[PDB]
Amino acid sequence: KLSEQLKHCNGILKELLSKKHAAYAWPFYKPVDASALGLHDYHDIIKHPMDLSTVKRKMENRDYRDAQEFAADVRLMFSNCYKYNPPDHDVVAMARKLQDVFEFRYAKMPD
Ligand SMILES: CCNC(=O)c1ccc(OCc2ccccn2)c(-c2cn(C)nn2)c1
């Protein structure tokens with residue numbers, strides 16, 4: 345939502361939030377509510393929380409100046425998941441699948 349590359353980023357963001365990917369994207373829709381989920385060590389392990397609603401707010405507010413800055417937040421969101429959770433947890437399988445969607449479309453960035 346701005347430059348050509350940021351339009352491509354906004355397109356990816358809309359796809360990640362779309363019903364097409366909802367079966368595995370839903371844990372990433374909103375900030376992790378650590379207290380609600382009983383994850384009382386979450387904010388000791390994850391210094392920089394990130395989620396798709398925060399990425400959406402930042403895109404809407406024209407916070408991202410380029411595609412690289414947008415991608416860094418999306419990857420931070422996945423990295424937090426891989427850091428906090430055992431690699432055999434259901435949420436990690438969901439993260440892997442949504443990251444596959446992200447990486448393959450991000451690679452189609454217009455020059
Ligand atoms: C290391 C222990 N982890 C958790 O106890 C845990 C539980 C639910 C989560 O999210 C809701 C969710 C996801 C998938 C299936 C069912 N419920 C999470 C979680 C969510 N995110 C983004 N990262 N971890 C962790």
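Residue numbers for the sequence shown follow PDB author numbering, beginning at 345 and rising by one. Note that beta-carbon positions come from the ideal geometry of N, C-alpha and C, so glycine has one too.
Chain-order list of residues whose beta-carbon lies under 7 Å from that of residue i (same chain, five-residue window excluded)
i: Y386; result: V376, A378, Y428
i: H392; result: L420
i: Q443; result: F422
i: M394; result: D417, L420, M421, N424
Residues near residue i in its chain [Cβ-Cβ closer than 8 Å; skip 5 each side]
i: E348; result: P454
i: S397; result: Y373, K374, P375
i: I389; result: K427, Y428
i: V435; result: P371, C425, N429
i: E404; result: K345
i: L361; result: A369, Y373, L396, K400
i: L350; result: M403, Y408, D410, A411, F414
i: residue 315; result: There is simply no residue 315 to check, as the chain begins at 345 and stops at 455 in what is shown.
For residue j and residue i, believed in contact at Cβ under 8 Å, the rounded distance
i: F448; j: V418; result: About 13 Å separates the two Cβ atoms, so there is no contact after all.
Same chain only: Cβ atoms within 6 Å of residue i, ignoring 5 sequence neighbours per side
i: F414; result: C353, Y408
Could you name each continuous alpha helix (DSSP H) segment of 4 residues or more that falls completely within the segment 358 to 389, going from the start of the chain to the end?
Under the rule that a run must span 4 or more residues, the alpha helix (DSSP H) segments found entirely inside the segment 358 to 389 read 366 to 369, 378 to 381, 386 to 389.
Is it a yes or a no for the segment 420 to 429 touching the segment 348 to 360, going by three-plus beta-carbon pairs under 8 Å?
No: fewer than three Cβ pairs fall under 8 Å.
Please give me, in chain order, every unbroken run of the beta strand (DSSP E) with length at least 3 that falls completely inside the segment 386 to 438.
The beta strand (DSSP E) runs lying completely inside the segment 386 to 438 and spanning 3 residues or more number zero.
Counting beta carbon pairs with one atom in the segment 367 to 374 and one in the segment 431 to 444, are three or more of them shorter than 8 Å?
By the Cβ criterion, the segment 431 to 444 is in contact with the segment 367 to 374, since at least three pairs of Cβ atoms, one from each stretch, lie closer than 8 Å.
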